[PDB]
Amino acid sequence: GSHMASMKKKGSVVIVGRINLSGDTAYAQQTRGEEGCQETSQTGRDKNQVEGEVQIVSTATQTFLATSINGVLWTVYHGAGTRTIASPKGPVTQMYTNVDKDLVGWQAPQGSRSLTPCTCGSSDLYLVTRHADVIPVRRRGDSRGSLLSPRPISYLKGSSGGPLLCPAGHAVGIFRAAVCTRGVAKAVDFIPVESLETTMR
């Protein structure tokens, strides 16, 4: 048995900032503080203006990234679970949910700009972190990319759901996991944009 009247309800994912890539410089902006975030998570009502392609998102327990591609705001399942995302009209239910791919997706919020899938097949990739780092990545497989310079896994923590981009800024994939050997990250694993387009069809 269970006491249903006391049964808690998980809050919504909340947009708390963005990675600005419109100008010549990449920098992160915070659009909502902790206090406002928690109330927005429980209300599901977020009246703030949304801009850009790469959002910073947070639950009450985790913070990560979400990327807009082909009208869908994508993130990772292990960060968002099955949660709604806050919006001006209230909590918005997931349009896509695939745990096998560690992928979820919502309707892209009004005011967001979607990235266009990459069609160049370039090996030179670039990972956008939550700190607005643009890290070069050499593509090694369908869902793998090698870090030109190995880093502590710390620097990539909280960047799942962020994008791997082509040289033209086209979306190549969604950062999902890291190839870690005892604390260091040598490569990254990502959801290919073609796997996104497969899920959408």
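The numbering used is simple: start at 1 and walk along the sequence shown.
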Mean Cα B-factor comparison, 185 to 193 or 6 to 14, giving the higher one as deposited: 6 to 14
Per the entry, higher mean C-alpha B factor between 23 to 31 and 156 to 164: 23 to 31
Candidate residues 150, 173, 141, 52, the one whose C-alpha B factor the record puts highest: 150
Deposited CA B-factor, highest of 123, 114, 97, 93: 123
Residue 68, C-alpha B-factor rank within chain (lowest, middle or highest third): lowest
Record-listed C-alpha B factor of residue 128: chain third: lowest
Chain-relative CA temperature factor third for residue 104: lowest
Entry-reported Cα temperature factor of residue 180, expressed as the chain third it lands in: highest
Residue 75, C-alpha B-factor rank within chain (lowest, middle or highest third): lowest
